[PDB]
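Student: Encoded as structure tokens, here's the structure I'll be asking about.
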Amino acid sequence: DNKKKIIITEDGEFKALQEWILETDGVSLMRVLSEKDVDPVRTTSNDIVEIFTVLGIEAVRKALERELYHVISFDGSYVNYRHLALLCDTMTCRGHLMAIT
Amino acid sequence: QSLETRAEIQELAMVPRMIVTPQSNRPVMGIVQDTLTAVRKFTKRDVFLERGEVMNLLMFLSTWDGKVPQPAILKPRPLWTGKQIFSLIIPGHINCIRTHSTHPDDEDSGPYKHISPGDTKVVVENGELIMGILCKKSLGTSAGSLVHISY
Amino acid sequence: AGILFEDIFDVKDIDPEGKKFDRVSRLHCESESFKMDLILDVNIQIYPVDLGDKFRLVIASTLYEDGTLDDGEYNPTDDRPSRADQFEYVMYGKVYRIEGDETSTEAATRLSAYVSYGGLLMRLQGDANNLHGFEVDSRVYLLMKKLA
Amino acid sequence: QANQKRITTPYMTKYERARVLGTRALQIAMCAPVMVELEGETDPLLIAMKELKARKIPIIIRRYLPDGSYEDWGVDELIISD
Amino acid sequence: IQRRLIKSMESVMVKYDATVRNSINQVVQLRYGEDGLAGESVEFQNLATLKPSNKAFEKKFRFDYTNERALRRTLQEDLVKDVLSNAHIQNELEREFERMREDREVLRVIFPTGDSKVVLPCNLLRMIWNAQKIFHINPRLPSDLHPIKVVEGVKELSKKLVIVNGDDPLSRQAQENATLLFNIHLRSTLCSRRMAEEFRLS
Amino acid sequence: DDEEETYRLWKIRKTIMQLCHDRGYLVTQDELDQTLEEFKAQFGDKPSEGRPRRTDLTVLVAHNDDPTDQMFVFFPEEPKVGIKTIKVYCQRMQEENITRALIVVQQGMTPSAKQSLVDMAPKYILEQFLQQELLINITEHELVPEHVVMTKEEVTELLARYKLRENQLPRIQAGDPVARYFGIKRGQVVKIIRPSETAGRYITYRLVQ
């Protein structure tokens, strides 16, 4: 369900629509977003640099949260969200992507 | 090496203050190998303790009010159950619902939800283990376990 | 008297789901005087129970023949007349649930009292008339005796 | 800063409790007068923990704000939780 | 990686104005974890008004003050008379349901996937269970708790739970935001209907 | 080759209208949600031959607060826009007495034109935009939270509340895609409202740099 299209039916229930999605081995988010029949709202990327270049500092803050959460939770683990949030805020509070280096 | 630092460690870093970790809002220490296998075996439904065995176990409760509980079976023999003694171990009046690892997934739907044939579905209620087999899911480091709820 | 419920049950089945524990067995029984179903966990090691057996079951709030509350504490050196003398299998537990077929507007016609004797579980379900003595979180005794 | 407001929490932090207890224990160990009654306690920390429970520790916590100002709270004015 | 993370974050700290700042005094977070709560008191809970349908939501959370029987079964007898006769109490309950519906929409917008698992400070269901067992609540008898008392008490409680202090409008937007999810959980858990037919607290 | 082009040209106009509406300019609802078919009806459906020419796509909006504070949107024909065209547009903008503009280039813009856009900032504040980055409205992405340009009265509020200096707020670069979308300049503060899984809602404030 994390990649299905989750809508709210007219009755008020959450329904997961089973829809086609594309996964690319490369990344031109700039171009793919501006394509006919491509969803420019949910289409994303795992390359945080291009998210920053295309969508901005708050978008890359969110996406970086998402990617770190995916890394942490893939093995079933769980970390309190405030720790990821603090890391991602340190990483984006100065308007650019601050590498931990 | 000072009363300052001693108080600092006493009020910040002592092990009981460290039971729940801020990393994952859950206990960091739980019940471990022999105690966990043995508490699983102890809280099975067919564990019956004799009077002398019960007194021997009550010698090792630090937080015991000195009152021998009424045995679960009085006749033909007085027998206490392992759940009855773990109820004495359980502190305060905490309430907790868990499920043993062998809990069948289709039992919560059919009948016998509140009377489990396999003695799964841990229920602690007013600090008494009303039912269920304790295990990693109840005494381990996971969230919502008996140790977490006690903390 | 201190007796919440009394009836005569007939063991209809033993461990329908199979034997789960070695020294404990689950009896599914039904009475005749009140038409009450019973699930009961019993230590069959010390009190063996066979299929088709017939027994008298007495849920009581106290063991003392006179109305007198119990302290929940084990007092083996107690000389007063206890009704456990009249029975073979005696267990002490607490009511942890009372279900019913009640609706938002109608009261319950059938009740289902759940008791826990130190982990040995019992469900006594039937007409709500016969289960007025049961509150949740209340201590009761089993007082079961085999009869021929 | 106006003492009539104080914007900081009315609770003593765990760090404030730790340092106040250690400081008062050191003061007691250096022959400072005790503010609470004593039955048989000779350990300075236990005396400090009585003084805290009684809210009779003569210490003011000066909490500094990021802007540079500060707020002074008496140990008796703060809410001791643990 | 560990050392790099430490050296990058070591001096970030919660300040006495409750902001999170680094050594430079720059603001990293206006409240820790966006809610100003420590990670070792929070715990997993469920939002009861997120997943249900409109129709289940209506049935489970909207206090039905028309069914006289049903109130008679849930509430005591003066309580029933007051609830049925008074129209001020009825309109209080009506807009109680109206913000549980607004809160439902807010949750829907916050959790676009229907995942009700949330991490919040106080385990309200466990606390309700504790109250049931401490005061020997009988679930089968009518309660002596006025639903208006539930509404009034839940609002006074909500006013008392302060993460951002201040009467200025900015401090009230920040206070509304900091406790929004917890206040939604609180209003949907301490609902007058749930406290009347589900919990039977006195 | 041509249906392509009018489709692109229609989105670019749609994104520009949304952008002007978000910046606070008077945009009618009709042009806010203009179907591709009326775009063809009002402008045409063969841009290649010259119906519509990009010079007919020029937009001119007026701020909601001040009718005299207007803004232009130009659509140069050349892919690589030279200074010499900037110099023309700026002449036009002078003799219409307008002070802010968008230039939606196709391929890019020359360094000399870049430098002209930068040096003459106090006179007219005219911005650059690519074709490629107006085919989508980035503020509608799920990752992009709600940005709100604060006024100085609000910023003075904010700094007086939290008792802090502008260098202590988190930052947003002046070239940031959303900053560029909102046309915010250095020294302004943008309020970001985003949902948070722990608090429900969270407001942060970023200073433009």
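Here, A, B, ... name the chains of the structure tokens in the order displayed, residue numbers run from 1 inside each chain, and ligands are numbered from 1 in the same displayed order.
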Identify, on the basis of only C-alpha atoms, every residue whose closest approach to residue 8 (chain D) does not exceed 8 Å; exclude the query and any residue fewer than 3 positions from it along the same chain; express the result as a list in words.
Tutor: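 So the residues in contact are residues 71 of chain D; 16, 17 and 18 of chain E.
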Student: From a DSSP calculation on the backbone, collect every residue of region 17-159 of chain E in helix (DSSP H, G or I) and output the set as a PyMOL selection string.
Tutor: chain E and resi 32-34+54-61+68-74+77-85+87-110+124-134+147-159
Student: Using C-alpha atoms, can you export the residues from the last selection as a short mmCIF file (atom, residue, chain, number, x, y, z; two decimals), in the first residue's frame?
Tutor:
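This is the output file out_29.cif:
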data_model
loop_
_atom_site.label_atom_id
_atom_site.label_comp_id
_atom_site.auth_asym_id
_atom_site.auth_seq_id
_atom_site.Cartn_x
_atom_site.Cartn_y
_atom_site.Cartn_z
CA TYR E 32 11.79 19.61 19.71
CA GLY E 33 10.41 16.98 17.36
CA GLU E 34 7.85 19.58 16.19
CA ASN E 54 -18.41 8.49 7.41
CA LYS E 55 -21.25 6.30 8.47
CA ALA E 56 -19.41 4.26 11.07
CA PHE E 57 -17.85 7.54 12.24
CA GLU E 58 -21.31 9.06 12.62
CA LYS E 59 -22.56 5.96 14.45
CA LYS E 60 -19.60 5.69 16.84
CA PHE E 61 -18.88 9.33 17.71
CA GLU E 68 -34.62 7.79 25.15
CA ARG E 69 -34.20 4.08 25.96
CA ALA E 70 -30.57 4.09 24.91
CA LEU E 71 -29.74 7.03 27.12
CA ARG E 72 -31.72 5.30 29.87
CA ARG E 73 -29.43 2.28 29.49
CA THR E 74 -26.23 4.36 29.37
CA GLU E 77 -32.06 9.14 35.27
CA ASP E 78 -31.51 12.86 35.99
CA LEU E 79 -28.73 12.76 33.37
CA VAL E 80 -31.21 11.36 30.86
CA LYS E 81 -33.79 14.02 31.70
CA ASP E 82 -31.24 16.85 31.42
CA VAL E 83 -29.84 15.54 28.14
CA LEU E 84 -33.27 15.09 26.55
CA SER E 85 -34.84 18.33 27.80
CA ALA E 87 -31.16 22.25 24.20
CA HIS E 88 -27.98 24.04 25.27
CA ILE E 89 -26.51 20.67 26.20
CA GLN E 90 -27.69 19.26 22.88
CA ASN E 91 -26.00 22.01 20.89
CA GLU E 92 -22.84 21.62 22.93
CA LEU E 93 -22.79 17.96 21.91
CA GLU E 94 -23.64 18.81 18.31
CA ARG E 95 -20.63 21.05 17.87
CA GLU E 96 -18.57 18.52 19.81
CA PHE E 97 -19.30 16.19 16.93
CA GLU E 98 -18.68 19.02 14.50
CA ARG E 99 -15.09 19.38 15.59
CA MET E 100 -14.58 15.68 15.72
CA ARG E 101 -15.53 15.81 12.05
CA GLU E 102 -13.23 18.76 11.33
CA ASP E 103 -10.50 16.91 13.23
CA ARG E 104 -11.23 13.87 11.08
CA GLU E 105 -10.65 15.92 7.94
CA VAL E 106 -7.42 17.34 9.39
CA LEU E 107 -6.19 13.83 10.18
CA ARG E 108 -7.14 12.67 6.71
CA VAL E 109 -5.11 15.44 5.22
CA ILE E 110 -2.14 14.73 7.58
CA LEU E 124 -5.45 7.29 26.78
CA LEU E 125 -6.99 3.83 26.41
CA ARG E 126 -4.68 2.46 29.08
CA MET E 127 -5.49 5.41 31.33
CA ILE E 128 -9.21 4.84 30.83
CA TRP E 129 -8.71 1.18 31.69
CA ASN E 130 -6.79 2.24 34.80
CA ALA E 131 -9.65 4.53 35.79
CA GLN E 132 -12.15 1.73 35.20
CA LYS E 133 -10.23 -0.60 37.50
CA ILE E 134 -9.31 1.99 40.15
CA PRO E 147 -21.76 14.19 28.71
CA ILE E 148 -21.59 17.96 29.13
CA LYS E 149 -19.10 17.35 31.92
CA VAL E 150 -17.07 15.30 29.45
CA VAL E 151 -17.09 18.10 26.86
CA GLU E 152 -16.25 20.80 29.41
CA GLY E 153 -13.54 18.74 31.09
CA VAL E 154 -11.90 17.82 27.81
CA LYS E 155 -11.71 21.47 26.81
CA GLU E 156 -10.31 22.58 30.15
CA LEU E 157 -7.75 19.79 29.85
CA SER E 158 -6.86 20.88 26.31
CA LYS E 159 -6.34 24.41 27.59
#
Student: Compile the contact shell of region 37-53 of chain C as a PyMOL selection string: residues with an atom at most 10 Å away, counting only C-alpha atoms, same-chain residues fewer than 3 positions apart removed.
Tutor: (chain B and resi 45-48+73+75-77+79+112+115+117) or (chain C and resi 9-15+21-32+34+88-91+112-117+119-127+146-148)
Student: Give me, as a ChimeraX atom specification, the residues of chain E touching chain F, with the criterion being at most 7 Å (counting only C-alpha atoms).
Tutor: /E:25-28,34-35,110,119-120,177-181
Student: Those selected residues, please, written with C-alpha atoms and delivered as a PDB file, in the first residue's frame.
Tutor:
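That gives us result26.pdb:
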ATOM      1  CA  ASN E  25      22.315  30.020  18.594  1.00  0.00           C
ATOM      2  CA  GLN E  26      20.642  29.432  15.226  1.00  0.00           C
ATOM      3  CA  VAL E  27      17.199  27.864  15.474  1.00  0.00           C
ATOM      4  CA  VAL E  28      17.049  24.278  14.240  1.00  0.00           C
ATOM      5  CA  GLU E  34       7.852  19.583  16.191  1.00  0.00           C
ATOM      6  CA  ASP E  35       5.889  18.865  19.413  1.00  0.00           C
ATOM      7  CA  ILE E 110      -2.142  14.735   7.576  1.00  0.00           C
ATOM      8  CA  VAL E 119       3.195   8.097  18.579  1.00  0.00           C
ATOM      9  CA  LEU E 120       1.732  10.329  21.281  1.00  0.00           C
ATOM     10  CA  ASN E 177      -0.096  23.238  16.118  1.00  0.00           C
ATOM     11  CA  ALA E 178       2.141  21.653  18.751  1.00  0.00           C
ATOM     12  CA  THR E 179      -0.693  19.708  20.404  1.00  0.00           C
ATOM     13  CA  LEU E 180      -2.984  19.335  17.375  1.00  0.00           C
ATOM     14  CA  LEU E 181      -2.587  15.590  16.906  1.00  0.00           C
TER      15      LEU E 181
END
Student: Give as a list in words every residue of chain D that touches chain B within 7 Å, counting only C-alpha atoms.
Tutor: residues 18, 19, 21, 22, 23, 25 and 26 of chain D
Student: Between E:146, E:160, E:194, E:136, which residue has the minimum interatomic distance to chain B, considering only C-alpha atoms?
Tutor: E:136
Student: Mind giving me the straight-line distance from CA of residue 149 (chain F) to CA of residue 179 (chain F) in Å, one decimal?
Tutor: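 Separation of CA of residue 149 (chain F) and CA of residue 179 (chain F): 9.3 Å.
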Student: Skipping near chain neighbours, those fewer than 4 positions away, what residues fall within 12 Å of residue 24 (chain A) using only C-alpha atoms, listed as a PyMOL selection string?
Tutor: chain A and resi 28-29+32+43-47
Student: Would you export the selected residues with N, CA, C and O atoms as a short mmCIF file (atom, residue, chain, number, x, y, z; two decimals), in the first residue's frame, please?
Tutor:
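Result written to result.cif:
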data_model
loop_
_atom_site.label_atom_id
_atom_site.label_comp_id
_atom_site.auth_asym_id
_atom_site.auth_seq_id
_atom_site.Cartn_x
_atom_site.Cartn_y
_atom_site.Cartn_z
N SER A 28 15.94 11.95 -14.36
CA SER A 28 15.71 13.31 -14.82
C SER A 28 14.31 13.68 -14.31
O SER A 28 13.33 13.65 -15.06
N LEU A 29 14.23 14.06 -13.04
CA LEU A 29 12.96 14.46 -12.45
C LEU A 29 12.43 15.73 -13.09
O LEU A 29 11.22 15.91 -13.21
N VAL A 32 10.80 14.36 -16.47
CA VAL A 32 9.73 13.36 -16.34
C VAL A 32 8.48 13.99 -15.75
O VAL A 32 7.36 13.63 -16.11
N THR A 43 5.07 12.03 -8.33
CA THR A 43 6.31 11.57 -8.93
C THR A 43 7.49 12.17 -8.18
O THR A 43 7.58 13.38 -8.01
N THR A 44 8.41 11.31 -7.75
CA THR A 44 9.51 11.72 -6.89
C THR A 44 10.78 11.03 -7.36
O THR A 44 10.82 10.43 -8.44
N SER A 45 11.82 11.12 -6.54
CA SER A 45 13.09 10.48 -6.84
C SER A 45 13.80 10.21 -5.53
O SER A 45 13.50 10.82 -4.50
N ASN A 46 14.75 9.27 -5.57
CA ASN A 46 15.60 9.00 -4.43
C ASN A 46 16.89 9.81 -4.45
O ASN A 46 17.63 9.77 -3.47
N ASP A 47 17.15 10.55 -5.52
CA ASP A 47 18.32 11.42 -5.61
C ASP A 47 17.96 12.75 -4.96
O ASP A 47 17.31 13.60 -5.57
#
Student: Give the strand (DSSP E) residues of chain A, as assigned by DSSP on the backbone, as an NGL selection string.
Tutor: :A and (5-8 or 14-17 or 94-95)
Student: How far is it from CA of residue 80 (chain A) to CA of residue 93 (chain B), in Å with one decimal?
Tutor: 28.2 Å
Student: Considering only C-alpha atoms, return as a PyMOL selection string whatever protein or nucleic-acid residues lie within 10 Å of residue 182 (chain F), sequence-local ones (same chain, fewer than 4 positions apart) excluded.
Tutor: chain F and resi 19-24+139+147-149+176-178+190
Student: Please produce a file of the residues just selected, as a PDB file, in the first residue's frame, where the atoms kept are N, CA and C atoms.
Tutor:
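Result saved to out-v9.pdb:
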ATOM      1  N   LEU F  19       1.183  31.023 -10.630  1.00  0.00           N
ATOM      2  CA  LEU F  19       2.272  31.726  -9.966  1.00  0.00           C
ATOM      3  C   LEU F  19       1.875  33.154  -9.634  1.00  0.00           C
ATOM      4  N   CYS F  20       1.261  33.849 -10.587  1.00  0.00           N
ATOM      5  CA  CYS F  20       0.831  35.221 -10.344  1.00  0.00           C
ATOM      6  C   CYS F  20      -0.243  35.271  -9.269  1.00  0.00           C
ATOM      7  N   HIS F  21      -1.154  34.302  -9.274  1.00  0.00           N
ATOM      8  CA  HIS F  21      -2.175  34.242  -8.237  1.00  0.00           C
ATOM      9  C   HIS F  21      -1.552  34.026  -6.863  1.00  0.00           C
ATOM     10  N   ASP F  22      -0.553  33.147  -6.776  1.00  0.00           N
ATOM     11  CA  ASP F  22       0.114  32.898  -5.503  1.00  0.00           C
ATOM     12  C   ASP F  22       0.921  34.103  -5.040  1.00  0.00           C
ATOM     13  N   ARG F  23       1.528  34.843  -5.969  1.00  0.00           N
ATOM     14  CA  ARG F  23       2.230  36.073  -5.625  1.00  0.00           C
ATOM     15  C   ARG F  23       1.283  37.184  -5.204  1.00  0.00           C
ATOM     16  N   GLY F  24      -0.020  36.998  -5.371  1.00  0.00           N
ATOM     17  CA  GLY F  24      -0.998  37.969  -4.947  1.00  0.00           C
ATOM     18  C   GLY F  24      -1.523  38.874  -6.034  1.00  0.00           C
ATOM     19  N   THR F 139       4.800  23.872  -6.554  1.00  0.00           N
ATOM     20  CA  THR F 139       4.135  24.019  -5.261  1.00  0.00           C
ATOM     21  C   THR F 139       3.036  22.987  -5.041  1.00  0.00           C
ATOM     22  N   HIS F 147       4.197  27.410   1.419  1.00  0.00           N
ATOM     23  CA  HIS F 147       5.034  28.580   1.642  1.00  0.00           C
ATOM     24  C   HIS F 147       4.170  29.831   1.610  1.00  0.00           C
ATOM     25  N   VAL F 148       4.467  30.771   2.504  1.00  0.00           N
ATOM     26  CA  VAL F 148       3.682  31.989   2.667  1.00  0.00           C
ATOM     27  C   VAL F 148       4.640  33.139   2.927  1.00  0.00           C
ATOM     28  N   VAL F 149       4.698  34.102   2.012  1.00  0.00           N
ATOM     29  CA  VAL F 149       5.576  35.246   2.219  1.00  0.00           C
ATOM     30  C   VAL F 149       5.009  36.093   3.348  1.00  0.00           C
ATOM     31  N   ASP F 176      16.249  29.472  -4.719  1.00  0.00           N
ATOM     32  CA  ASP F 176      15.574  28.220  -4.455  1.00  0.00           C
ATOM     33  C   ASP F 176      14.358  28.146  -5.385  1.00  0.00           C
ATOM     34  N   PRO F 177      13.984  26.954  -5.868  1.00  0.00           N
ATOM     35  CA  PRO F 177      12.846  26.897  -6.803  1.00  0.00           C
ATOM     36  C   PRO F 177      11.571  27.520  -6.266  1.00  0.00           C
ATOM     37  N   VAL F 178      11.256  27.306  -4.992  1.00  0.00           N
ATOM     38  CA  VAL F 178      10.028  27.860  -4.433  1.00  0.00           C
ATOM     39  C   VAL F 178      10.195  29.339  -4.125  1.00  0.00           C
ATOM     40  N   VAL F 190       9.920  33.646   4.754  1.00  0.00           N
ATOM     41  CA  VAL F 190       8.835  32.817   4.258  1.00  0.00           C
ATOM     42  C   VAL F 190       8.425  31.874   5.380  1.00  0.00           C
TER      43      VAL F 190
END
Student: Could I get the residues of chain B with an atom no further than 12 Å from an atom of chain E, each paired with its nearest atom pair and that distance in Å to one decimal, using only C-alpha atoms, sorted by chain and residue number, as a tab-separated table?
Tutor:
residue	atom	partner	partner_atom	distance
B:17	CA	E:40	CA	10.5
B:18	CA	E:40	CA	9.7
B:19	CA	E:40	CA	9.6
B:20	CA	E:40	CA	6.1
B:21	CA	E:40	CA	5.9
B:22	CA	E:40	CA	4.3
B:23	CA	E:39	CA	6.9
B:24	CA	E:39	CA	7.4
B:25	CA	E:40	CA	4.8
B:26	CA	E:40	CA	7.3
B:27	CA	E:40	CA	9.1
B:28	CA	E:40	CA	10.8
B:92	CA	E:130	CA	11.0
B:93	CA	E:130	CA	8.0
B:94	CA	E:130	CA	7.4
B:95	CA	E:130	CA	6.9
B:96	CA	E:126	CA	8.0
B:97	CA	E:126	CA	9.9
B:124	CA	E:129	CA	11.5
B:125	CA	E:133	CA	8.2
B:126	CA	E:133	CA	6.8
B:127	CA	E:133	CA	10.5
B:142	CA	E:43	CA	11.1
B:143	CA	E:43	CA	7.5
B:144	CA	E:44	CA	7.8
B:145	CA	E:43	CA	11.3
B:148	CA	E:43	CA	9.8
B:149	CA	E:126	CA	9.3
B:150	CA	E:126	CA	11.9
B:151	CA	E:41	CA	9.8
Student: Go through E:175, E:195, E:145, E:51 one by one, measure the shortest atom-to-atom distance of each to residue 113 (chain E) using only C-alpha atoms, and give the residue with the smallest value.
Tutor: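 Ranking E:175, E:195, E:145, E:51 by distance to residue 113 (chain E), first place goes to E:51.
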Student: Find the residues around residue 139 (chain B) up to 9 Å (only C-alpha atoms counted), leave out those fewer than 3 positions away in its own chain, and share them as a ChimeraX atom specification.
Tutor: /B:30-32,36,134-136,142,145-148
Student: Quick one: residues within 7 Å of residue 62 (chain D), only C-alpha atoms, excluding same-chain residues fewer than 2 positions away - as a ChimeraX atom specification?
Tutor: /D:60,64,70-73
Student: I need the chain F residues near chain A as a ChimeraX atom specification; criterion: at most 6 Å, counting only C-alpha atoms.
Tutor: /F:135-136,140-144,170-173,176-177
Student: How would the residues just picked look written out with C-alpha atoms as a PDB file, in the first residue's frame?
Tutor:
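Once everything was written out, this is part_26.pdb:
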ATOM      1  CA  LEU F 135       5.573  23.108 -17.477  1.00  0.00           C
ATOM      2  CA  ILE F 136       4.897  21.980 -13.885  1.00  0.00           C
ATOM      3  CA  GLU F 140       1.637  21.221  -6.053  1.00  0.00           C
ATOM      4  CA  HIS F 141       4.197  18.482  -5.461  1.00  0.00           C
ATOM      5  CA  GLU F 142       3.568  16.418  -2.353  1.00  0.00           C
ATOM      6  CA  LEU F 143       7.081  17.117  -1.072  1.00  0.00           C
ATOM      7  CA  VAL F 144       6.670  20.903  -1.277  1.00  0.00           C
ATOM      8  CA  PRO F 170      16.830  28.810   9.180  1.00  0.00           C
ATOM      9  CA  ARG F 171      17.599  29.992   5.685  1.00  0.00           C
ATOM     10  CA  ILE F 172      16.292  29.558   2.149  1.00  0.00           C
ATOM     11  CA  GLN F 173      18.434  30.457  -0.843  1.00  0.00           C
ATOM     12  CA  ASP F 176      15.574  28.220  -4.455  1.00  0.00           C
ATOM     13  CA  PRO F 177      12.846  26.897  -6.803  1.00  0.00           C
TER      14      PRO F 177
END
Student: Find the distance between CA of residue 156 (chain F) and CA of residue 13 (chain E) and write it in Å to one decimal.
Tutor: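 That distance, rounded to one decimal, is 25.3 Å.
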